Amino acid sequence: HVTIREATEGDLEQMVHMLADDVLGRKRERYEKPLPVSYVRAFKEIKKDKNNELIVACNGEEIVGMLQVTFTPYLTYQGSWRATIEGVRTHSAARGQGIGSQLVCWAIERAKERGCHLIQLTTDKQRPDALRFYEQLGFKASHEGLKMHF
């Protein structure tokens, strides 16, 4: 049983820790106290944009899941807005408890509320169970997720 809501500054420390604890994020993130200002600057930018949100699943004050969702207009699909979900993470000590599913389902309803006609995301091919998780929700792996790091 979890409470799902938009994140606030008070959740930042736990969110960064979750990101750094990820099998893949561990190689890209930097968790430390005090928190790196780069995360703070990003949080502020996200906060001021109403169409860019950080969502957390909570067990009281304990953050057990997170994701970012962005609502954007496009000309395609007859000018349809799309919701893109990014970095869905579940607490490493809470796997298999349906937290990820609740968080994504919540985000999907949020997207419908915003008038989006489709929801999308890219999942790393190195995560064996991710594809299955999303297909179970009704997502289709119709596209190749291409990335280029500078």
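We number the residues from 1 along the sequence you see.
Legend: mean Cα B-factor per stretch from the PDB entry, 93 to 101 versus 80 to 88; the higher mean is in 93 to 101. Higher average CA B factor: 27 to 35, of the stretches 27 to 35 and 102 to 110.
Highest C-alpha temperature factor among 117, 41, 47, 125, as the PDB entry reports it: 125. In the PDB entry, a CA B factor belonging to the highest third of its chain's modelled residues is recorded for residue 149. In this PDB entry, the Cα temperature factor of residue 59 sits in the top third of its chain's modelled residues, the highest group. Among all modelled residues in this chain, the alpha-carbon of residue 1 has a temperature factor (C-alpha) in the highest third. When all modelled residues of the chain are sorted by CA temperature factor, residue 131 is found within the highest third.
Sorting the modelled residues of the chain by their CA temperature factor places residue 19 in the middle third.
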